[PDB]
Each structure stands twice: as C-alpha cells, then as structure tokens.
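Asks: Encoded as structure tokens, here's the structure I'll be asking about.
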Amino acid sequence: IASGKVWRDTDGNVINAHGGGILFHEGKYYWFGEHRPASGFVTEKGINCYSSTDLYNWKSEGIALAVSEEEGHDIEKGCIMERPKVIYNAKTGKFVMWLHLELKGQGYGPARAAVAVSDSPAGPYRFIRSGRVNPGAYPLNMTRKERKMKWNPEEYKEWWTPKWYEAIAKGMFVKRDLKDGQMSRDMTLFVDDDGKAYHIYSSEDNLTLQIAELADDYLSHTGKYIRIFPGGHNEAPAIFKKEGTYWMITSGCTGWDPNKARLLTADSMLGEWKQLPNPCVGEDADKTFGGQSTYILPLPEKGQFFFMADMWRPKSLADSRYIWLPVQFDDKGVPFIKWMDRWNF
Ligand SMILES: OC[C@H]1O[C@@H](O)[C@H](O)[C@@H](O)[C@H]1O
Ligand SMILES: OC[C@H]1O[C@@H](O)[C@H](O)[C@@H](O)[C@H]1O
Ligand SMILES: [Ca+2]
C-alpha cells in the first residue's frame, strides 16, 4: 500500500472511487466511491465500485449507482453525489447505500441524504428517495427546557457572535430545521454488534454532528438521534468500535484544504462523546498528512483496523489520491495514525 501514488485497476486505468468506503462480502472486498470527472464539481456518472480479494489488486466493477437521465429527477445527471457508504442488511439480505446528495443546480443548499438498494454488492443499485433527516423529531439529548426555547431569526442574523454561538449550542438550527428535517452533508454508516445501524452526518449548516438510528431494514430513520459537538465543525466522519468503545475520526470544515484531524470517543453510540487530541502523529500530522478522513475498515480476522483518507485535488478532482494507513494503539488503548510510505497487511 503506497499512499499518495497513482493507483490503477487491473485494466491499467486510474482508480476513481473518492470519498469512499469498503465492505467485505462472500470472499471479496468492495470499494465504493465517487466517480469524479477530469473537470468540474458535479457527478456525471455516479457511484463507482471496485472489488478485490487482497486489498492490493482492484478490478473495476463499473458504476454501482448511476445518475438518472430523467429530467428533474433527484439524481439527475449534474446532481452532486458524495461520500457514499454501503452496509449489508442481514435480515433482508440486501445491500443498502447511503450518500450525500445535493440537487442539480442548487450548489450545497439542499443538504440531503439519499438511500438506494441492491440484491448484489456491485449493483445495480435502485434509488429509493432523498431528503433531510427525521422531520418533526427532536434529539434525545435536547432537554424539555431546551426544546421550549424560541429563537427569533432577526435577532441572530450575525454568525459567530457570543449570543449566536450559544444559541447554536442550545439547538437554534435544530428548531429552524425541525419541520423539513435535519441537514445532512458529510456522512458515514456504522453497523453495531446488535445489528443496529447508524447514520452519522454533519448537520445544522455543517456546525454539529448528528448520530441517527436506522430502521431494521436500514432504509429509513427511526426518529431516535443525538447531536454532538455543536458548533465544532466536525466533518468527514469515520468510525469504529473496539472492545466496547467507540472511536470517531473527523476533519475540520475548510472545504478541499486539509486541516487538523480530531479524535472523538464514547462508551455507548447514543451516550456522551468526548474530544481527544489529533490522532495523527509525526511530520505533517497537523494537516492530516495532506488528506481528509473517509473511512475506517475493520479487519476482524486480525483484530486490526485501517484508516482511509482522500488527498483532494480541486483543480482536477479525478487526480485526487488515496492515503491508507494502519490504525495503531498506544499503551492506554487510544488509537493513533503514523505515515508509512509502503506497508503490507
Ligand atoms: O435522508 C432520507 C430521508 O427521507 C425522508 O423521506 C425521511 O422522512 C427522512 O427521515 C429521511 O429518511
Ligand atoms: O464541498 C467541498 C468538499 O468539502 C469538504 O469539506 C467535504 O468533506 C467534501 O465531501 C466536499 O463536500
Ligand atoms: Ca450540514
């Protein structure tokens, strides 16, 4: 594994699977990610898939979730499709893909999540719907008192005042968004020990992370969710569980520019989370080695985990590279990440 270099599939073509993630099913790894074009910032083709038995050699499986050709469709060509993730639902035997969708021609304003489903890992995936998350529902961890507070929008027009920040912390944008649903941009999925799945996403104008329970078929949200680090600008979440404890790596909010990573931890998915120092160590750790978090893959056969990141190139997004590095653990069990030029499983 040679982070930062040009990686090619088994036909000699450049691997094009950004903002991605991996699952293992019936003996093979499947890597889903954004097909990015050589120019621009929209999705021309959709979500790409690659497969491998060894994590070194990747066969192109083609587009797993294609853009629609129907005019006015949610995923019409020219929408923005980002950070796709796939989880296998054991109950229904289906593959469920969630992704960040922004409607064609509307920049990043819509802030939706979208869901699609397939009987096979590589697709084709069938689009079901898009929208903002859990319309009408409050977070479990907003008290009755906090839920009663009202916030006149004309009094809070200026961002980053003391009163505005407090208001954001106490849930002013949760209430603003309560009718039509919570905003969802950068996102991930996690399937827990008990078969419950969670949708983790940057909400409230990117200011606040939310963690939402999915229904038993993984196709919708139950209404149960929490909100964490309000005003923190945690983005690009990646998450794993080890020995009962949850660990989440996130970026800051600086568009395509790299920034300092954060480590977050909890002893229950919907309990209280705490922030720890940057998990990246050594030279360039302050810039996440020039990358941005996308996924943490468990390798449960080994009791190991590895960290996947993107090295973004906004001038030609298809030239964006991949950083994959092992997760290491200190003598207290706290995960950390060191750069290695080349490494092996
Ligand atoms: O993100 C997709 C959304 O779809 C909506 O129809 C639903 O009301 C939301 O709770 C959410 O599941
Ligand atoms: O909007 C430009 C980019 O901003 C990043 O912060 C985000 O993680 C990406 O998925 C993309 O949306
Ligand atoms: Ca958001």
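We label chains A, B, ... in the order they appear in the structure tokens, count residues from 1 in each chain, and number ligands from 1 in the order shown.
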Can I get the residues close to ligand 3 as a PyMOL selection string, where close means within 12 Å and we count only C-alpha atoms and all ligand atoms?
Replies: chain A and resi 100-102+108-113+132-133+173-174+177+181-187+200-210+230-236+253
Asks: Write a file of the just-selected residues containing N, CA, C and O atoms, as a short mmCIF file (atom, residue, chain, number, x, y, z; two decimals), in the first residue's frame.
Replies:
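Dumped everything to selection23.cif:
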data_model
loop_
_atom_site.label_atom_id
_atom_site.label_comp_id
_atom_site.auth_asym_id
_atom_site.auth_seq_id
_atom_site.Cartn_x
_atom_site.Cartn_y
_atom_site.Cartn_z
N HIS A 100 -24.46 11.38 0.34
CA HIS A 100 -24.76 12.78 0.38
C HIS A 100 -25.20 13.22 -1.03
O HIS A 100 -24.46 13.11 -1.98
N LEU A 101 -26.41 13.80 -1.11
CA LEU A 101 -26.97 14.30 -2.37
C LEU A 101 -27.23 15.78 -2.28
O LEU A 101 -27.84 16.29 -1.31
N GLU A 102 -26.77 16.50 -3.28
CA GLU A 102 -27.18 17.88 -3.48
C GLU A 102 -27.84 17.93 -4.86
O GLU A 102 -27.30 17.40 -5.83
N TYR A 108 -24.78 23.48 -2.65
CA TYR A 108 -24.84 22.61 -1.47
C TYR A 108 -26.01 22.96 -0.53
O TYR A 108 -26.02 22.56 0.63
N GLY A 109 -27.00 23.69 -1.03
CA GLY A 109 -28.11 24.14 -0.21
C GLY A 109 -29.05 23.04 0.25
O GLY A 109 -29.48 23.05 1.43
N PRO A 110 -29.42 22.12 -0.66
CA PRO A 110 -30.38 21.09 -0.25
C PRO A 110 -29.95 20.23 0.96
O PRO A 110 -30.81 19.91 1.79
N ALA A 111 -28.65 19.94 1.10
CA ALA A 111 -28.11 19.17 2.23
C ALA A 111 -28.94 17.90 2.55
O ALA A 111 -29.48 17.74 3.66
N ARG A 112 -29.04 16.98 1.58
CA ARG A 112 -29.83 15.74 1.75
C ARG A 112 -28.98 14.51 1.90
O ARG A 112 -27.85 14.49 1.47
N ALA A 113 -29.56 13.49 2.51
CA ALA A 113 -29.04 12.14 2.37
C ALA A 113 -29.99 11.41 1.41
O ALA A 113 -31.16 11.82 1.27
N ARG A 132 -33.88 15.48 3.84
CA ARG A 132 -33.30 15.82 5.12
C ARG A 132 -33.84 14.82 6.13
O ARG A 132 -34.80 14.11 5.86
N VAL A 133 -33.23 14.78 7.32
CA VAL A 133 -33.35 13.60 8.19
C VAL A 133 -34.35 13.83 9.32
O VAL A 133 -34.29 14.85 10.00
N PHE A 173 -30.52 25.95 15.30
CA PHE A 173 -30.69 25.37 13.97
C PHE A 173 -31.44 24.02 13.92
O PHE A 173 -32.03 23.68 12.88
N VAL A 174 -31.40 23.24 15.01
CA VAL A 174 -32.26 22.04 15.10
C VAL A 174 -33.72 22.53 14.93
O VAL A 174 -34.44 22.01 14.07
N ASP A 177 -34.73 23.77 11.57
CA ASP A 177 -34.84 22.71 10.56
C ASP A 177 -35.86 21.63 10.91
O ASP A 177 -36.05 20.69 10.13
N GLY A 181 -36.74 18.57 8.31
CA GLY A 181 -35.75 17.53 8.65
C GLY A 181 -34.38 18.17 8.82
O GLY A 181 -34.13 19.26 8.34
N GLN A 182 -33.51 17.44 9.51
CA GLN A 182 -32.12 17.90 9.83
C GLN A 182 -31.23 17.79 8.60
O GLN A 182 -31.37 16.86 7.78
N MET A 183 -30.35 18.77 8.44
CA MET A 183 -29.44 18.80 7.32
C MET A 183 -28.45 17.64 7.40
O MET A 183 -28.05 17.25 8.50
N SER A 184 -28.10 17.10 6.23
CA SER A 184 -27.12 16.04 6.14
C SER A 184 -26.22 16.29 4.97
O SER A 184 -26.65 16.27 3.81
N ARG A 185 -24.94 16.52 5.26
CA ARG A 185 -23.92 16.61 4.24
C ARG A 185 -22.85 15.48 4.40
O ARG A 185 -23.20 14.33 4.14
N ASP A 186 -21.61 15.74 4.86
CA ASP A 186 -20.65 14.65 5.01
C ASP A 186 -21.28 13.60 5.93
O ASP A 186 -21.91 13.98 6.90
N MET A 187 -21.08 12.32 5.64
CA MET A 187 -21.76 11.27 6.37
C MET A 187 -21.05 9.93 6.32
O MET A 187 -20.17 9.69 5.49
N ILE A 200 -24.37 8.59 10.57
CA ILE A 200 -23.64 9.68 11.26
C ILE A 200 -23.38 10.76 10.22
O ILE A 200 -22.83 10.48 9.19
N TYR A 201 -23.74 12.00 10.52
CA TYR A 201 -23.69 13.07 9.50
C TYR A 201 -23.49 14.46 10.07
O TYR A 201 -23.89 14.76 11.19
N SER A 202 -22.83 15.31 9.28
CA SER A 202 -22.65 16.72 9.64
C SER A 202 -23.95 17.48 9.33
O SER A 202 -24.43 17.48 8.15
N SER A 203 -24.51 18.10 10.35
CA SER A 203 -25.82 18.72 10.31
C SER A 203 -25.74 20.20 10.72
O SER A 203 -24.66 20.73 10.98
N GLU A 204 -26.90 20.86 10.76
CA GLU A 204 -27.01 22.21 11.26
C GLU A 204 -26.01 23.13 10.56
O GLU A 204 -25.15 23.72 11.17
N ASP A 205 -26.13 23.26 9.24
CA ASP A 205 -25.21 24.11 8.46
C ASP A 205 -23.73 23.69 8.66
O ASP A 205 -22.85 24.51 8.81
N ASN A 206 -23.50 22.38 8.75
CA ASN A 206 -22.18 21.75 8.95
C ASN A 206 -21.64 21.92 10.39
O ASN A 206 -20.57 21.40 10.71
N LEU A 207 -22.34 22.64 11.26
CA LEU A 207 -21.79 23.02 12.56
C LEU A 207 -21.74 21.89 13.59
O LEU A 207 -20.97 21.99 14.56
N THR A 208 -22.59 20.88 13.42
CA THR A 208 -22.90 19.94 14.50
C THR A 208 -23.02 18.50 13.94
O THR A 208 -23.64 18.32 12.92
N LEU A 209 -22.40 17.51 14.58
CA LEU A 209 -22.61 16.11 14.16
C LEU A 209 -23.91 15.56 14.77
O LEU A 209 -24.25 15.82 15.91
N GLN A 210 -24.62 14.80 13.98
CA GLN A 210 -25.76 14.02 14.46
C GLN A 210 -25.57 12.51 14.17
O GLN A 210 -24.92 12.12 13.19
N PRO A 230 -21.76 20.70 19.14
CA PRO A 230 -22.45 21.69 18.38
C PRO A 230 -21.57 22.91 18.25
O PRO A 230 -21.01 23.38 19.25
N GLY A 231 -21.44 23.39 17.04
CA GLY A 231 -20.51 24.47 16.71
C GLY A 231 -19.10 24.00 16.42
O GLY A 231 -18.26 24.80 15.98
N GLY A 232 -18.82 22.71 16.62
CA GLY A 232 -17.49 22.15 16.37
C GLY A 232 -16.97 22.01 14.94
O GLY A 232 -15.76 21.89 14.76
N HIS A 233 -17.84 22.00 13.94
CA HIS A 233 -17.41 21.92 12.55
C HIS A 233 -16.61 20.63 12.30
O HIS A 233 -15.61 20.61 11.55
N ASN A 234 -17.06 19.54 12.92
CA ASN A 234 -16.55 18.23 12.61
C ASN A 234 -17.21 17.74 11.32
O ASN A 234 -18.46 17.73 11.20
N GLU A 235 -16.36 17.31 10.39
CA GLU A 235 -16.74 16.85 9.06
C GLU A 235 -16.09 15.50 8.73
O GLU A 235 -15.33 14.93 9.53
N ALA A 236 -16.39 14.97 7.55
CA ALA A 236 -15.82 13.71 7.09
C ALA A 236 -15.70 12.58 8.15
O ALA A 236 -14.62 11.99 8.32
N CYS A 253 -13.67 21.97 9.04
CA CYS A 253 -14.50 22.43 7.93
C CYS A 253 -13.75 23.53 7.14
O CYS A 253 -13.91 24.70 7.45
#
Asks: Against stretch 55-61 of chain A, which residues of stretch 240-335 of chain A fall within 12 Å? For each one I want the closest pair of atoms and the distance in Å (one decimal), counting only C-alpha atoms, rows by chain and increasing residue number, as a tab-separated table.
Replies:
residue	atom	partner	partner_atom	distance
A:297	CA	A:55	CA	11.2
A:299	CA	A:55	CA	11.2
A:306	CA	A:55	CA	11.3
A:324	CA	A:55	CA	10.6
Asks: Can you write just those residues out, N, CA, C and O atoms, as a PDB file, in the first residue's frame?
Replies:
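What ended up in selection_0.pdb:
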ATOM      1  N   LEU A 297     -11.779   0.854   8.049  1.00  0.00           N
ATOM      2  CA  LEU A 297     -12.153  -0.534   7.788  1.00  0.00           C
ATOM      3  C   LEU A 297     -11.657  -1.448   8.880  1.00  0.00           C
ATOM      4  O   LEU A 297     -10.425  -1.554   9.096  1.00  0.00           O
ATOM      5  N   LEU A 299     -10.672  -5.139  10.180  1.00  0.00           N
ATOM      6  CA  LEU A 299     -10.194  -6.408   9.692  1.00  0.00           C
ATOM      7  C   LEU A 299     -10.340  -7.357  10.868  1.00  0.00           C
ATOM      8  O   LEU A 299      -9.351  -7.691  11.544  1.00  0.00           O
ATOM      9  N   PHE A 306      -7.869  -0.263   9.642  1.00  0.00           N
ATOM     10  CA  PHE A 306      -7.091   0.674   8.857  1.00  0.00           C
ATOM     11  C   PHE A 306      -7.876   1.893   8.416  1.00  0.00           C
ATOM     12  O   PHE A 306      -9.102   1.848   8.253  1.00  0.00           O
ATOM     13  N   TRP A 324      -3.980   5.380   2.722  1.00  0.00           N
ATOM     14  CA  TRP A 324      -4.464   4.281   3.584  1.00  0.00           C
ATOM     15  C   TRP A 324      -3.341   3.924   4.522  1.00  0.00           C
ATOM     16  O   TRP A 324      -2.231   3.691   4.077  1.00  0.00           O
TER      17      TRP A 324
END
Asks: Let's see if you can do this: from backbone DSSP, list all strand (DSSP E) residues in stretch 167-259 of chain A, as a count of residues only.
Replies: 42
Asks: Taking the backbone alone, and naming residues the way the document does, which bits of stretch 80-291 of chain A are helix (DSSP H, G or I) by DSSP, as an MDAnalysis selection string?
Replies: chainID A and resid 144:148 153:156 162:170 172:176 285:290
Asks: If we count only C-alpha atoms, what is near stretch 194-197 of chain A at a cut-off of 8 Å, once residues fewer than 4 positions away on the same chain are taken out, given as a PyMOL selection string?
Replies: chain A and resi 90+189-190+213-216+218
Asks: Write a file of the selected residues as a compact mmCIF listing (two decimals), in the first residue's frame, keeping N, CA, C and O atoms.
Replies:
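Output below, filename again-v2.txt:
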# COMPACT_ATOMS: atom_id res chain seq x y z
N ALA A 90 -28.41 -7.99 7.16
CA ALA A 90 -28.50 -9.44 7.39
C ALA A 90 -29.96 -9.94 7.36
O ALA A 90 -30.23 -11.02 6.83
N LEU A 189 -21.82 5.49 7.75
CA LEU A 189 -22.69 4.49 8.34
C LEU A 189 -21.90 3.62 9.23
O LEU A 189 -20.71 3.35 8.95
N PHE A 190 -22.56 3.08 10.24
CA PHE A 190 -21.94 2.06 11.10
C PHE A 190 -22.99 1.03 11.54
O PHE A 190 -24.08 1.38 12.06
N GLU A 213 -30.34 6.61 14.48
CA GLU A 213 -30.65 5.18 14.36
C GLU A 213 -31.42 4.91 13.07
O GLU A 213 -32.37 5.63 12.71
N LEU A 214 -31.03 3.86 12.36
CA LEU A 214 -31.81 3.39 11.23
C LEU A 214 -32.84 2.33 11.62
O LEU A 214 -32.67 1.59 12.62
N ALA A 215 -33.89 2.23 10.81
CA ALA A 215 -34.87 1.14 10.93
C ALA A 215 -34.24 -0.22 10.61
O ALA A 215 -33.13 -0.30 10.07
N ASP A 216 -34.97 -1.29 10.94
CA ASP A 216 -34.48 -2.66 10.86
C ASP A 216 -34.11 -3.12 9.44
O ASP A 216 -33.27 -4.02 9.31
N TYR A 218 -32.67 -0.90 7.35
CA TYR A 218 -31.70 0.15 7.00
C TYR A 218 -32.17 1.17 5.97
O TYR A 218 -31.39 2.01 5.57
Asks: Would you work out the distance separating atom CA of residue A:246 from atom CA of residue A:266, expressed in Å to one decimal?
Replies: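 Computing the Euclidean distance for atom CA of residue A:246 and atom CA of residue A:266 yields 5.2 Å.
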Asks: Quick one: everything within 10 Å of residue A:225, counting only C-alpha atoms, minus sequence neighbours fewer than 4 positions away in the same chain. Send it as a PDB file with N, CA, C and O atoms, in the first residue's frame.
Replies:
ATOM      1  N   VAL A 133     -33.230  14.778   7.317  1.00  0.00           N
ATOM      2  CA  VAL A 133     -33.351  13.600   8.187  1.00  0.00           C
ATOM      3  C   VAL A 133     -34.345  13.833   9.324  1.00  0.00           C
ATOM      4  O   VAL A 133     -34.292  14.851   9.998  1.00  0.00           O
ATOM      5  N   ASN A 134     -35.222  12.867   9.558  1.00  0.00           N
ATOM      6  CA  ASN A 134     -36.158  12.864  10.716  1.00  0.00           C
ATOM      7  C   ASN A 134     -36.985  14.161  10.860  1.00  0.00           C
ATOM      8  O   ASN A 134     -36.891  14.847  11.871  1.00  0.00           O
ATOM      9  N   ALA A 137     -38.790  15.470  14.485  1.00  0.00           N
ATOM     10  CA  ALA A 137     -38.211  14.826  15.669  1.00  0.00           C
ATOM     11  C   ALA A 137     -37.113  15.662  16.291  1.00  0.00           C
ATOM     12  O   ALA A 137     -36.255  16.171  15.582  1.00  0.00           O
ATOM     13  N   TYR A 138     -37.163  15.784  17.623  1.00  0.00           N
ATOM     14  CA  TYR A 138     -36.074  16.327  18.416  1.00  0.00           C
ATOM     15  C   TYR A 138     -35.020  15.261  18.770  1.00  0.00           C
ATOM     16  O   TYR A 138     -35.331  14.080  18.929  1.00  0.00           O
ATOM     17  N   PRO A 139     -33.767  15.695  18.929  1.00  0.00           N
ATOM     18  CA  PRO A 139     -32.763  14.828  19.532  1.00  0.00           C
ATOM     19  C   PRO A 139     -33.090  14.357  20.944  1.00  0.00           C
ATOM     20  O   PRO A 139     -33.554  15.142  21.749  1.00  0.00           O
ATOM     21  N   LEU A 140     -32.786  13.092  21.272  1.00  0.00           N
ATOM     22  CA  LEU A 140     -32.949  12.601  22.641  1.00  0.00           C
ATOM     23  C   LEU A 140     -32.218  13.446  23.660  1.00  0.00           C
ATOM     24  O   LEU A 140     -32.664  13.559  24.790  1.00  0.00           O
ATOM     25  N   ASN A 141     -31.050  13.973  23.288  1.00  0.00           N
ATOM     26  CA  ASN A 141     -30.206  14.706  24.226  1.00  0.00           C
ATOM     27  C   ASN A 141     -30.421  16.241  24.150  1.00  0.00           C
ATOM     28  O   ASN A 141     -29.543  17.007  24.480  1.00  0.00           O
ATOM     29  N   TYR A 198     -26.429   2.831  12.223  1.00  0.00           N
ATOM     30  CA  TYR A 198     -26.463   4.249  12.490  1.00  0.00           C
ATOM     31  C   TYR A 198     -25.952   5.034  11.311  1.00  0.00           C
ATOM     32  O   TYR A 198     -24.999   4.652  10.599  1.00  0.00           O
ATOM     33  N   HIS A 199     -26.608   6.152  11.099  1.00  0.00           N
ATOM     34  CA  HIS A 199     -26.240   7.133  10.100  1.00  0.00           C
ATOM     35  C   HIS A 199     -25.645   8.323  10.832  1.00  0.00           C
ATOM     36  O   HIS A 199     -26.318   8.973  11.637  1.00  0.00           O
ATOM     37  N   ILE A 200     -24.372   8.592  10.570  1.00  0.00           N
ATOM     38  CA  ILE A 200     -23.637   9.682  11.260  1.00  0.00           C
ATOM     39  C   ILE A 200     -23.376  10.762  10.221  1.00  0.00           C
ATOM     40  O   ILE A 200     -22.828  10.479   9.187  1.00  0.00           O
ATOM     41  N   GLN A 210     -24.624  14.797  13.978  1.00  0.00           N
ATOM     42  CA  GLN A 210     -25.764  14.022  14.464  1.00  0.00           C
ATOM     43  C   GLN A 210     -25.568  12.511  14.173  1.00  0.00           C
ATOM     44  O   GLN A 210     -24.921  12.125  13.192  1.00  0.00           O
ATOM     45  N   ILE A 211     -26.028  11.674  15.107  1.00  0.00           N
ATOM     46  CA  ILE A 211     -25.964  10.226  15.025  1.00  0.00           C
ATOM     47  C   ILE A 211     -27.397   9.674  15.151  1.00  0.00           C
ATOM     48  O   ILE A 211     -28.047   9.858  16.161  1.00  0.00           O
ATOM     49  N   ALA A 212     -27.879   9.088  14.068  1.00  0.00           N
ATOM     50  CA  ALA A 212     -29.274   8.694  13.936  1.00  0.00           C
ATOM     51  C   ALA A 212     -29.422   7.205  13.727  1.00  0.00           C
ATOM     52  O   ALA A 212     -28.784   6.646  12.827  1.00  0.00           O
ATOM     53  N   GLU A 213     -30.338   6.607  14.481  1.00  0.00           N
ATOM     54  CA  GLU A 213     -30.648   5.183  14.365  1.00  0.00           C
ATOM     55  C   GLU A 213     -31.420   4.906  13.068  1.00  0.00           C
ATOM     56  O   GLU A 213     -32.368   5.635  12.711  1.00  0.00           O
ATOM     57  N   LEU A 214     -31.032   3.860  12.361  1.00  0.00           N
ATOM     58  CA  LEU A 214     -31.810   3.390  11.228  1.00  0.00           C
ATOM     59  C   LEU A 214     -32.836   2.328  11.621  1.00  0.00           C
ATOM     60  O   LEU A 214     -32.670   1.592  12.624  1.00  0.00           O
ATOM     61  N   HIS A 221     -34.952   6.213   8.798  1.00  0.00           N
ATOM     62  CA  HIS A 221     -34.562   6.612  10.150  1.00  0.00           C
ATOM     63  C   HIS A 221     -35.726   6.411  11.135  1.00  0.00           C
ATOM     64  O   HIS A 221     -36.856   6.708  10.784  1.00  0.00           O
ATOM     65  N   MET A 269     -23.018   4.319  21.706  1.00  0.00           N
ATOM     66  CA  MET A 269     -23.248   5.096  20.477  1.00  0.00           C
ATOM     67  C   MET A 269     -24.050   6.386  20.693  1.00  0.00           C
ATOM     68  O   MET A 269     -23.674   7.450  20.185  1.00  0.00           O
ATOM     69  N   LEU A 270     -25.148   6.297  21.463  1.00  0.00           N
ATOM     70  CA  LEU A 270     -26.022   7.458  21.723  1.00  0.00           C
ATOM     71  C   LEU A 270     -25.800   8.045  23.116  1.00  0.00           C
ATOM     72  O   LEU A 270     -26.642   8.772  23.629  1.00  0.00           O
TER      73      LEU A 270
END
Asks: In Å, with one decimal, what is the gap from atom CA of residue A:241 to atom CA of residue A:192?
Replies: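 A separation of 8.1 Å between them.
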Asks: Identify which of the residues A:68, A:48, A:222, A:106 lies closest to ligand 1, counting only C-alpha atoms and all ligand atoms when measuring atom-to-atom distances.
Replies: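 The answer is A:222, which sits nearest to ligand 1.
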Asks: Go through A:341, A:217, A:146, A:82 one by one, measure the shortest atom-to-atom distance of each to ligand 2 using only C-alpha atoms and all ligand atoms, and give the residue with the smallest value.
Replies: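 So, comparing all the options, the nearest one is A:82.
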Asks: Within 9 Å of stretch 14-29 of chain A, counting only C-alpha atoms, which residues show up once you throw out same-chain ones fewer than 6 positions away? Write them as a ChimeraX atom specification, please.
Replies: /A:6-8,35-37,47-55,58,60,82-88,121,188,236,292-297,308-310,312,317-322
Asks: What is the atom CA of residue A:326-atom CA of residue A:262 distance in Å, reported with one decimal?
Replies: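 Atom-to-atom, atom CA of residue A:326 to atom CA of residue A:262, that is 16.8 Å.
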Asks: Given only C-alpha atoms and all ligand atoms as the basis, pick out the residue of A:180, A:76, A:330, A:158 nearest to ligand 1.
Replies: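 When distances to ligand 1 are compared using only C-alpha atoms and all ligand atoms, the smallest one comes from A:180.
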Asks: At a cut-off of 7 Å, using only C-alpha atoms, what residues contact residue A:43? Leave out same-chain residues fewer than 6 positions from it and give the result as number ranges by chain.
Replies: A: 36, 77-81
Asks: Can you work out which one of A:265, A:41, A:165, A:260 has the shortest atom-to-atom distance to ligand 2, counting only C-alpha atoms and all ligand atoms?
Replies: A:41
Asks: Pick out the closest residue to ligand 2 from this set: A:42, A:245, A:167, A:336. Count only C-alpha atoms and all ligand atoms.
Replies: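 That would be A:42, the residue with the smallest distance to ligand 2.
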